[PDB]
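Protein chains in written order, with the UniProt record's numbering: chain A, 5 to 120, 162 to 213, 216 to 218; chain B, 2 to 258; chain C, 6 to 25, 36 to 161. Ideal Cβ placement from N, Cα and C applies to all residues, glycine included. Written out below as structure tokens is the structure these notes cover.
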RNA sequence: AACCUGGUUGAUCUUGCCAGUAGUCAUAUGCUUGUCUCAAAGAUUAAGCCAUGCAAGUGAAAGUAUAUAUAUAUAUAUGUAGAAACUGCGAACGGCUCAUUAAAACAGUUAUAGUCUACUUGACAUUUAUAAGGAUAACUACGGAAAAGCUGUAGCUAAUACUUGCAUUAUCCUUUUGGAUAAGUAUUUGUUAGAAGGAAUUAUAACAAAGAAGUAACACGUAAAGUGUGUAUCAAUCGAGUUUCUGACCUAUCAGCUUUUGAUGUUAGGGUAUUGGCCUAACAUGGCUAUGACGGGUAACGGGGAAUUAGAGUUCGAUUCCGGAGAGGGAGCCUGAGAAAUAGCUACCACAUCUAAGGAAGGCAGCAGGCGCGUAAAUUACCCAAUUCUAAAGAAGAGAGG
RNA sequence: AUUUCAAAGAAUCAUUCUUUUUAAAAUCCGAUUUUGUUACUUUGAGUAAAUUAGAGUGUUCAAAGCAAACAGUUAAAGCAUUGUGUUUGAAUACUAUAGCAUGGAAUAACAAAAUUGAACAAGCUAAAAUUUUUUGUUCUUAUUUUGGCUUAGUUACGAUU
RNA sequence: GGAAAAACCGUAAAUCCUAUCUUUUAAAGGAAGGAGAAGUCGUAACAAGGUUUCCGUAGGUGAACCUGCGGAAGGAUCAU
RNA sequence: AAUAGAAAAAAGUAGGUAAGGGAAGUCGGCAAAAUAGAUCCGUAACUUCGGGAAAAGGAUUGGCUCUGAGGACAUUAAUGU
């Protein structure tokens, strides 16, 4: 649990008195999964309410190229840059790489240009590959265990290339 | 547990309470809000220990249940309400108005104010904040919010403030020639015209202060309350006007009654 | 330059759809080094390009160890007054400091560190200025006016 | 008040001790005590044990009364009280002890741009309506248990308990007019723009998405138009958590410690009220050490201070204030803004009470008083008049306090 | 050991304290005002009361305490134009040995340190800015100015015993 | 919507087996130190104390001690 | 293998197995049983300092589905086989 009882700056074993106080925590990990949404409200100090996501499914995913976000179903959890546990169990955190359906974005692009606000340098080939299979890699941008949501951004360009390579062929 | 310590003991009280060693074991602890506890006096001390209009705290309670007493020209419902660094007590039945100031001895005195100056007070801003909709708000020493405050007013400026409508009348810009009153320094409870205002990056700020007797002394910028212009004090300062007397002068005067 | 870590290099507040790096004033008469202004470097514990607050006390010390990843140990040397004999004695104290990718600090360099935001268990301070200095005596034994 | 005598010898000067001598808000004790003022008083020894009693409750303009009482006008109308009970709020303080603790706790000094904040104070809100939805206590009855602050049915019925839910402002065109267009406070994400601060990834402004919660279905009453209670966000305030620097008694017959069990760093997350190895994974191989680390001792809570002080000092600091620690031993929760509470709860161990022999309940280091320990320490007194505290805050409570 | 000695005046009691001025560099209207760091020291700021020193104050004195005092047989007086007591007092300082600001000419430390360094004038050159310049989301070229870099000269040029 | 009951991590009291350290405390016998009485035995030291003293050291010895080796005078010689 | 068959008790011999206690057994724990492999921890008195030592005393160990570590070649640091 929280606070005092860890080793001294000298490396010494510090003797402890002053018993554990209420303001000293150690509280359970989030373990939000892939499945029809479930969240439990948690009561923090001062009656500050937090949301502990146990299942998730549709987050709000942001299309970097036009800087816009829409609420969208997540197809799967696919890669984790840390441990092997999270990705195998399909349990998702703000590090995690998920896959989203591209239809909101595909629709928006159709609305703007007329085939698949205002002009930019438009779609990238890596983004185009993800859109083409209908199923798009995205990075979660919010903390499900604190906020109840796993809202995200479609993973882009150099970050996409690096992780795509890192994810792979060997697999 | 280890929560909010409610009571206040006798010599736990600030110095200028003057609640002596005899005659009690406790002091009153102020209600929250208008000014800081350490920068306040309650009504009990003023009515009983200063004015001497009550024998006991119970006689103060008897005064307070009756609705003739007003602070900020508004009725207040408890003895432990704080009268701050500066504010106005109005006693309806006697028709008396007092404004609270620090004395040269470093303790709070209620100084008699008349009807004409009673309708306003002069209020130092502690903060000026920008709130949503591009809307300014000032925050005063006496705990008032002023929305729509004039944008060239700044965070150490004082402001003349109506007490019925709550509107600001004028403002007094903090400068090197400003008449200043010391809140709580070693120079506590005294007034001067400022020799220099001295600003230094990421640290406490100094002001050099020049006396009516044309002597010089230092004071911290944080505890200095702007009070007039080199023309005049804007409010009515006490009858002895913040003047320094030496120890030798005071005893020589003391004998020379 | 080359990548070699398993984390994407965000450098937060950079921005990417506005037309064409991040660093701040740092204040107190101090300023960003040339390697901060023009360098490619990414960190989050760097004072120049991180979100770490350059708050609190600013002291000078002497670097004694330089071999942790972007992290330095500085000794603050002093004379402690003994009232009984009305005399002084030599005393010293070790302060763990973040080093920045800006500064390639070496043994016996003087460093000006700040209090900042506590980073972790031991490490709590950060270098703001490297004043280059040379002493050929071994660092553990060295006394300086810092 | 900056101060000394007697004692080595047959006699002597010297070294050197012993002895006297004075003080001690420092304890015990012997003898003696006509007064008066003043008044420390079960720390040292067992943070050992406790018989009996008592120590926190709260209703006078302002939630709820067909128990009932009552004043006018006449078994009806008004009304006014009201035992009682739901409800609300407090009991997180104050009192007690100093066992544990030796860079922790404590003291000054930062920082919190890493945060939370009830009462109190001031700002002040955004995507069926002449009044909605039931359900529950007291209460009525039958009951059950040796005991206990045990409680079971069924019919009820309220609430400011619980649950629903009823424009307007700004931008563009037009004359202080008429049309058109927009409209979520916290909180979170992605995209930019960028009043203040030494420093901003801050105030703030816009865009695209999500998004709590909400904005009174409540009570009094100002000429011989006023108020209370409730409410989101913001600030203030009463505070609180963390966090910087600097400061320790004795001990080396304690010299190398720390690191698979996070030690030290980096990265990523989770967790938290927030920073943080706080916790998990992955990756580094560090970090601390004669200035005495790491152990061990202390009849060691820390400070303001107390005793003696010519000047240094030396000894001492349970013991009226401030801060910490603890509530039989350990441990864990709940409730709530605030407690890891302790006259809150749960469990284990150490104790232990009533038992109807099934079972059930208990915690004085609160105030008395008792036992045991001892060299050593007072009354189960009376009172809230003052001092203050808590409430629905005058009018009542309080072994706090006197 | 070593690095800026001094001089003259004025005030004042043979004395004492003080002021003026005596190289160089930068800046402002030929005159005007700035110039290592730290220790040390001075002032300060901000700083719990109790205690403590200590003032005021005859508790019956003193230990104490934080009070009191004055006149009136109920008015003289003050101030309101029959109304209304008054003067007051409850100081000052110690309050780490550290941190913060702050004046400092001595004393200490430290700092750069010719097996070569830096002060200027000259010429070439790439960076940024100025001036130029048509067409109501936005577009060519050009002179010039400022800082950075390469190269011949020129300073009282550059090392204590 | 929802009580009991179970299961899983995560806290984690307590019990028991050791392991190490702390503290007193037992124990036959061994081997010490001091105090007391004119006890037994020598005659060791003090004077050249009747073999100069003392040091270091080793060996002997019932001892006090003796002897060797090399020092010093704190020698009974500071003198051809 | 210097024999077969049938029956199946004693007894023998080579084996097993046994409640509750656990050396009370006897010349002596003889016999028998318990221990036991690896990997990870931890390891004393004492010592000729080499040892003691595998001391003592603990823990773990199947099956499956994953993750990481450890090569070889050739295209200018990355990409291939």
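Neighbourhood of residue 13 (chain C) in chain A, by CB distance below 7 angstroms: 204 and 207, in chain order.
At the C-beta level, residue 67 (chain C) and residue 139 (chain C) stay beyond 9 angstroms of one another. Per the C-alpha coordinates, the member of A:191, A:83 and A:107 positioned closest to residue 178 (chain A) is A:107. Under the 9 angstroms criterion on CB atoms, residue 71 (chain A) is classed as interfacial with respect to chain C. Residues are counted here when their Cβ sits less than 7 angstroms from a Cβ of chain A; for the segment 105-138 of chain C these are 137, given in chain order. By the neighbour-count definition (other C-beta atoms within 10 Å, threshold 16), residue 177 (chain B) is an exposed residue. Using a Cβ-Cβ cut-off of 9 angstroms, residue 85 (chain A) is close to 11, 12 and 13 of chain C, given in chain order. When secondary structure is reduced to three states using DSSP, residue 164 (chain A) falls in the coil class, being assigned neither helix nor strand. Around the beta carbon of residue 151 (chain C), a 10 Å sphere encloses fewer than 16 other beta carbons of the protein chains shown; the residue is thus reported as exposed. Looking at A:189, A:86, A:212 and A:169, the one whose alpha-carbon comes closest to that of residue 55 (chain A) is A:189.
Exposed is the label assigned to residue 89 (chain A), since fewer than 16 other Cβ atoms lie within 10 Å of its Cβ. Spanning the alpha carbons of residue 44 (chain C) and residue 128 (chain C) requires a straight line of approximately 14 angstroms. A Cβ of chain A is located within less than 9 angstroms of the beta carbon of residue 8 (chain C).
Fully contained in the segment 38-74 of chain B are the following beta strand (DSSP E) runs of length 3 or more, in chain order: 70-72. In summary, residue 104 (chain C) is exposed, with fewer than 16 beta-carbon neighbours lying within 10 Å of its beta-carbon over all protein chains present. Taking a beta-carbon distance threshold of 9 angstroms, residue 140 (chain C) does not count as an interface residue toward chain A. Residues of chain C with a Cβ closer than 8 angstroms to the Cβ of residue 13 (chain A) are, in chain order, 137. Proximity of residue 165 (chain A) to chain C, defined by a Cβ-Cβ separation below 9 angstroms, is satisfied. Taking the C-beta atoms as reference points, residue 130 (chain B) is found no nearer than 9 angstroms to residue 112 (chain B). If you draw a straight line from the Cα of residue 94 (chain C) to the Cα of residue 73 (chain C), it is about 19 angstroms long. A distance below 9 angstroms separates the beta carbons of residue 101 (chain A) and residue 185 (chain A). Residue range 248-256 is occupied by the alpha helix (DSSP H) that includes residue 255 (chain B), with no beta strand (DSSP E) assigned at that position.
For residue 170 (chain A), no Cβ of chain C is located within less than 9 angstroms of the residue's own Cβ.
Residues of chain A with a Cβ closer than 9 angstroms to the Cβ of residue 22 (chain C) are, in chain order, 68, 69, 70, 71 and 165. Note that the C-beta distance between residue 187 (chain B) and residue 199 (chain B) is not below 9 angstroms.
If only complete runs of 3 or more residues are kept, the segment 87-143 of chain B shows the beta strand (DSSP E) at 89-92, 97-103, 109-114, 121-132 and 136-141, in order along the chain. Selection C:90, C:135, C:83 and C:42 evaluated against residue 119 (chain C) yields C:83 as nearest (Cα-Cα).
Contact holds between the segment 166-175 of chain B and the segment 136-151 of chain B, because three or more Cβ pairs, one in each stretch, are under 8 angstroms apart. The criterion of a C-beta distance shorter than 9 angstroms is satisfied by residue 142 (chain B) and residue 87 (chain B). The criterion of a C-beta distance shorter than 9 angstroms is satisfied by residue 209 (chain A) and residue 171 (chain A).
Closest in C-alpha terms to residue 231 (chain B), from the list B:240, B:252, B:195 and B:24, comes B:195.
By a beta-carbon distance limit of 8 angstroms, residue 65 (chain A) contacts residue 199 (chain A). Their separation comes to about 6 angstroms.
Residue 124 (chain C) sits in coil when the DSSP states are folded into three classes, being neither helix nor strand. Bridge partners of residue 183 (chain A) according to DSSP: A:102 and A:199.
Taking 9 angstroms as the CB threshold, residue 10 (chain A) lines the interface with chain C.
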